[PDB]
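Numbering (full-length UniProt numbering), first residue to last: 5 to 446. Note sheet for the following structure.
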Ligand SMILES: O=c1ccn([C@@H]2O[C@H](COP(=O)(O)OP(=O)(O)O)[C@@H](O)[C@H]2O)c(=O)[nH]1
Ligand SMILES: *[C@@H]1O[C@H](CO)[C@@H](O)[C@H](O[C@@H]2O[C@H](CO)[C@@H](O)[C@H](O)[C@H]2O)[C@H]1O
Ligand SMILES: *[C@@H]1O[C@H](CO)[C@@H](O)[C@H](O)[C@H]1O
Ligand SMILES: O=C(O)c1ccccc1O
């Protein structure tokens with residue numbers, strides 16, 4: 005008779021793994037309530053794929069969300085204040101109910117949630133939505149104090165341009181940098197540490213980070229239908245902040261294309277590219293058959309007249325994609341990606357080789373593992389005066405994944421991950437066992 009209150013950070017790349025993890029807990033017999041901010045809750049269009057219980061909380065920006073904050077530091081500060089009160093509201097209200105909350109799974113970005121869980125005598129477990137290698141680097145910085153020493157002794161192959169953007173773009177995003185460092189301020193006092201990865205994907209880094217902490221890999225959070233198929237209702241991502249266009253057009257359009265012919269291009273839910281970068285992309289893209297996601301707020305930055313000179317026989321532009329169905333479609337030749345962790349793990353488990361074009365935060369690390377560890381893609385060369393990828397380098401990287409000699413080797417190397425993820429989610433696998441360890445304790 006346990007009840008987990010799950011609290012993601014209010015963004016798509018964090019709500020999705022949290023929701024998928026709750027579906028796994030429901031399948032194991034554990035009730036969950038998902039705590040969403042009021043702005044996010046009123047932004048979702050509910051087409052559910054499974055049972056869901058949602059409580060709303062506040063970050064202090066119910067009306068406008070993050071865009072109405074004065075600054076990133078004010079947003080996180082108000083969210084700790086408002087979010088701590090409204091999380092406590094849910095726990096207190098449920099204390100006289102059939103199933104009082106017994107545990108808080110909270111986003112590692114929000115370590116103040118452990119203070120609330122302690123105040124009510126609850127089990128507390130941070131949930132890291134980024135891979136073990138990224139988190140371990142941040143842990144090493146924190147136990148120093150905000151500084152990392154290259155080379156990292158137990159990971160000597162990493163260079164400065166492989167690190168999270170906060171290290172290589174000096175002074176960038178100081179409040180977000182303090183946030184990722186402060187994920188470890190009280191993890192000492194946490195019962196477990198949960199991570200959206202699976203052990204066979206980063207054995208070395210999972211082993212290293214586990215010496216410091218009790219870490220439980222519980223991923224990948226990809227819907228059950230694509231992998232182990234143990235959860236029959238888990239057919240897709242069902243908490244979308246972005247309207248889905250009514251997905252059939254894009255997937256009908258992909259079915260007409262020859263196998264491996266389409267270059268899929270997407271940058272996640274919040275990355276913003278410059279006009280100069282959009283033009284180098286739009287030029288490089290146009291030498292190929294492509295499916296490119298440009299979010300509605302980014303359409304301004306494409307060259308004027310572009311969305312009409314597209315060749316509609318071979319190519320298509322969307323505001324948002326059904327990315328899971330896109331990546332499982334065999335018209336896809338390769339994935340030009342910003343290397344957000346969900347998109348990386350989705351590309352890996354589906355066997356789609358990548359052109360890595362990291363933009364910031366943990367993306368450079370994922371780009372490095374994509375190219376040099378998993379050997380499932382190549383990283384675009386960026387010119388150093390700008391940080392920008394020129395169209396000729398973007399085109400070279402696409403062709404290297406689409407057709408070169410290492411292209412054939414990268415396709416077989418990435419096809420191994422599906423069965424390893426499936427094995428991990430099935431009975432007796434590392435993730436399935438780690439979920440049972442967590443459920444037993446709760
Ligand atoms: O057009 C799109 C682009 C992204 N995604 C989903 O949005 C999530 C993006 O998370 P990620 O960690 O890759 O990037 P972030 O948005 O956090 O930068 C992923 O689950 C993708 O499958 C989608 O459904 N349609
Ligand atoms: C972190 O700061 C960045 C700006 O540097 C914000 O864009 C980001 O806000 C996210 O933006 C998404 C839309 O692009 C929303 O889906 C998400 O809820 C919101 O958190 C900040 O988190
Ligand atoms: C932070 O800056 C990056 C570029 O470095 C951009 O991709 C994001 O949109 C912004 O939040
Ligand atoms: O939403 C994310 O994926 C994210 C990742 C790193 C830093 C800040 C963020 O909002």
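Backbone N, C-alpha and C fix where the C-beta goes; we use that ideal spot for every residue, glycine too.
Proximity below 8 Å, CB of residue 7 to CB of residue 106: Translated into positions along the chain shown, residue 7 becomes position 3. Translated into positions along the chain shown, residue 106 becomes position 102. Contact: yes.
According to the neighbour-count rule (16 or more other Cβ atoms, all chains shown, within 10 Å of its Cβ), is residue 347 buried or exposed? Here residue 347 corresponds to residue number 343 of the chain shown, with the count starting at 1. Buried.
Would you identify the three-state DSSP class for residue 403, choosing helix, strand or coil? By 1-based counting over the chain shown, the position of residue 403 is 399. In the structure shown, residue 403 sits in a helix (DSSP, three-state: H, G or I).
Which stretch, first to last residue, makes up the beta strand (DSSP E) that contains residue 35? For the purposes of this step, residue 35 is taken as the residue at position 31 of the chain shown. Residue 35 -> beta strand (DSSP E) spans 35-41.
Do you know offhand how far residue 172's Cα is from residue 79's? If you number the chain shown from 1, residue 172 lands on position 168. If you number the chain shown from 1, residue 79 lands on position 75. Cα to Cα, residue 172 sits roughly 24 Å from residue 79.
Kindly identify the DSSP beta-bridge partner or partners of residue 340. Working through the chain shown from its first residue, we reach residue 340 at position 336. In the DSSP output, where bridge partners are listed per residue, residue 340 has 269, 359.
Straight-line CA distance for residue 367 to residue 396? Within the chain shown, numbered from 1, the residue matching residue 367 stands at position 363. Within the chain shown, numbered from 1, the residue matching residue 396 stands at position 392. For residue 367 and residue 396, the distance between alpha carbons rounds to 22 Å.
Could you tell me the alpha carbon to alpha carbon distance between residue 11 and residue 318, rounded to whole angstroms? Counted from its first residue, the chain shown places residue 11 at position 7. Counted from its first residue, the chain shown places residue 318 at position 314. Cα-Cα distance, rounded: 42 Å.
Roughly how many whole angstroms lie between the Cα atoms of residue 236 and residue 406? On the chain shown, residue 236 is found 232 positions in, with the first residue counted as 1. On the chain shown, residue 406 is found 402 positions in, with the first residue counted as 1. Taking the straight line from one Cα to the other gives about 35 Å.
Residues proximal to ligand 3 by C-beta, any heavy atom closer than 5 Å: 275, 276, 363, 364
Taking C-beta to C-beta, are residue 251 and residue 326 nearer than 8 Å? The count along the chain shown starts at 1 and reaches residue 251 at position 247. The count along the chain shown starts at 1 and reaches residue 326 at position 322. Going by C-beta atoms, residue 251 is nearer than 8 Å to residue 326.
Assess, as a yes-or-no matter, whether the segment 336-351 is touched by the segment 304-324 under the definition of 3 or more beta carbon pairs within less than 8 Å. no
Below 8 Å on the Cβ atoms is my contact criterion, and I expect residue 42 with residue 9 to pass it. Report the Cβ-Cβ distance as a whole number of Å. Start at 1 with the first residue of the chain shown, and residue 42 comes out as number 38. Start at 1 with the first residue of the chain shown, and residue 9 comes out as number 5. About 16 Å separates the two Cβ atoms, so there is no contact after all.
Can you tell which of 185, 423, 212 has its C-alpha closest to the C-alpha of residue 149? Mapped onto the chain shown, residue 149 falls at position 145. Comparing Cα positions, the closest option is 185.
C-alpha gap between residue 291 and residue 399, whole angstroms: The residue you call residue 291 lines up with position 287 of the chain shown. The residue you call residue 399 lines up with position 395 of the chain shown. If you take the alpha carbons of residue 291 and residue 399, they lie about 8 Å apart.
Please report how far the alpha carbon of residue 426 lies from the alpha carbon of residue 336, in whole angstroms. Translated into the one-based positions of the chain shown, residue 426 becomes position 422. Translated into the one-based positions of the chain shown, residue 336 becomes position 332. The alpha-carbon atoms of residue 426 and residue 336 are separated by roughly 22 Å.
Which term fits residue 221, buried or exposed, when burial requires 16 or more other beta carbons within 10 angstroms of its beta carbon? Position 217 of the chain shown holds residue 221. Residue 221 is buried by the Cβ-count criterion.
Can the beta-carbon of residue 94 be found closer than 8 Å to that of residue 39? Counting from one through the chain shown, the residue named residue 94 turns up at place 90. Counting from one through the chain shown, the residue named residue 39 turns up at place 35. Against a cut-off of 8 Å, the Cβ pair of residue 39 and residue 94 comes out as a contact.
Contained beta strand (DSSP E) runs [length at least 3] in the segment 112-137, N- to C-terminal order: 127-132
Would a C-beta distance cut-off of 8 Å place residue 249 and residue 324 closer than the cut-off? Counting from 1 along the chain shown, the entry for residue 249 is found at position 245. Counting from 1 along the chain shown, the entry for residue 324 is found at position 320. Yes, Cβ-Cβ distance for residue 249 and residue 324 is below 8 Å.
Just how far apart, CA to CA, sit residue 87 and residue 64? Position 83 of the chain shown, counted from the start, is the residue given in the question as residue 87. Position 60 of the chain shown, counted from the start, is the residue given in the question as residue 64. Near 8 Å, if we compare the C-alpha coordinates of residue 64 and residue 87.
Assuming residue 240 and residue 328 make a contact with CB atoms under 8 Å, what is their CB distance in whole Å? The count along the chain shown starts at 1 and reaches residue 240 at position 236. The count along the chain shown starts at 1 and reaches residue 328 at position 324. Right, the Cβ-Cβ distance comes to about 6 Å (below 8 Å), so this counts as a contact.
For residue 32, which residues from the same chain have a beta carbon less than 6 Å from its beta carbon, with the 5 sequence-adjacent residues on both sides left out? Taking the first residue of the chain shown as 1, we reach residue 32 at position 28. Hits under 6 Å: 443.
Taking C-beta to C-beta, are residue 371 and residue 352 nearer than 8 Å? On the chain shown, residue 371 is found 367 positions in, with the first residue counted as 1. On the chain shown, residue 352 is found 348 positions in, with the first residue counted as 1. No; because the gap between Cβ atoms is not below 8 Å, this pair is not in contact.
For residue 18, is the beta carbon positioned less than 7 Å from some heavy atom of ligand 4? In the chain shown, the residue the question calls residue 18 occupies position 14. Yes.
Taking the alpha carbon of residue 421 as the point to measure from, which residue in 134, 378, 255, 180 has its own alpha carbon closest? Here the question's residue 421 lines up with position 417 in the chain shown. Nearest C-alpha to residue 421: 378.
Under 8 Å between the Cβ atoms of residue 242 and residue 23? Taking the first residue of the chain shown as position 1, residue 242 is located at position 238. Taking the first residue of the chain shown as position 1, residue 23 is located at position 19. Yes, these two residues count as a Cβ contact at 8 Å.
On the three-state DSSP scale, how would you describe residue 30? Position 26 of the chain shown, counting from 1, holds the residue named residue 30. Helix.
Considering only the beta carbon of each residue, do residue 135 and residue 345 sit closer than 8 Å? Taking the first residue of the chain shown as position 1, residue 135 is located at position 131. Taking the first residue of the chain shown as position 1, residue 345 is located at position 341. Yes, the pair counts as a contact, with Cβ atoms nearer than the cut-off.
Residue 14 beta carbon less than 8 Å from that of residue 200: As a first step, residue 200 is located in the chain shown; it is residue number 196 there, counting from the start. As a first step, residue 14 is located in the chain shown; it is residue number 10 there, counting from the start. No, Cβ-Cβ distance for residue 200 and residue 14 is not below 8 Å.
Does the distance from the CB of residue 128 to the CB of residue 187 come in under 8 Å? Here residue 128 refers to the residue found at position 124 when the chain shown is read from its first residue. Here residue 187 refers to the residue found at position 183 when the chain shown is read from its first residue. For residue 128 and residue 187, no; Cβs fall outside 8 Å.
Can you grab the Cα-Cα spacing for the pair residue 147 / residue 269, in whole Å? For the purposes of this step, residue 147 is taken as residue 143 along the chain shown, with counting starting at 1. For the purposes of this step, residue 269 is taken as residue 265 along the chain shown, with counting starting at 1. Residue 147 and residue 269: Cα-Cα distance of roughly 38 Å.
Count the other C-beta atoms from every protein chain shown that fall within 10 angstroms of the C-beta of residue 192, then say buried if there are 16 or more, exposed otherwise. Here residue 192 refers to the residue found at position 188 of the chain shown. Looking at its Cβ environment, which holds fewer than 16 other Cβ atoms inside 10 Å, residue 192 is exposed.
For residue 107, which beta-bridge partners are listed by DSSP? Stepping through the chain shown from its first residue, residue 107 is reached at position 103. According to DSSP, which records beta bridges pairwise, residue 107 is partnered with 8, 127.
For residue 3, count neighbouring C-beta atoms within 10 Å of its own C-beta (all shown protein chains included) and say buried if the count is 16 or more, exposed if not. With the chain covering 5 to 446 only, the question about residue 3 has no answer from this structure.
May I ask you to report which of helix, strand or coil DSSP gives residue 381? Position 377 of the chain shown, counting from 1, holds the residue named residue 381. If DSSP states are grouped into helix, strand and coil, residue 381 belongs with the strands.
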